[PDB]
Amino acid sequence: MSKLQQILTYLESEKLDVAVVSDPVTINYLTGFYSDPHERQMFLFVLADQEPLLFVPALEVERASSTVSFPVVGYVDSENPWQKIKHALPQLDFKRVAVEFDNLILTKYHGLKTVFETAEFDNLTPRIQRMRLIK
């Protein structure tokens, strides 16, 4: 059972529509792709029903696509990343989203609130901390 597969079972039990992973250390733990995007946006979206989506700066798309097997979407500096995420994700009613409270900065939290306009936000961090206990 993949780590990503365990996230899926978690979404099913907590009635989450998506988990949004923002910390490059957690992204690498779950997918095997590591990058430090500095000021640019990068997120992994684990969605309840379909394949995940890794969203990265355009300069990382080829390396990320070679590293993972599910879809990767990039954005260049002149594109607006929040709109690009919103169009790349499935067009669902996202009522409940989990994010990493111990990593997510407020600039990103406000940006995700333009993607998920009426969601409540739960904390994903303790679930990933519990997952690391089992090697």
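Note that residue numbering begins at 1 and tracks the sequence as displayed.
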If you average the CA temperature factors as listed in the entry, which stretch comes out higher, 42-50 or 106-114?
42-50
Mean Cα B factor from the PDB record: higher for 3-11, or higher for 126-134?
3-11
Of the choices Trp82, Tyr34, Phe101, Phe94, which one's C-alpha carries the largest B-factor in the record?
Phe94
Please say which third, lowest, middle or highest, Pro57 falls into when its CA temperature factor is compared across its chain.
lowest
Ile27: CA B-factor among chain residues, third -> lowest
In terms of the chain's CA B-factor thirds, is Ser69 lowest, middle or highest?
highest
Among the modelled residues of this chain, does the Cα B factor of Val21 put it in the lowest, middle or highest third?
lowest
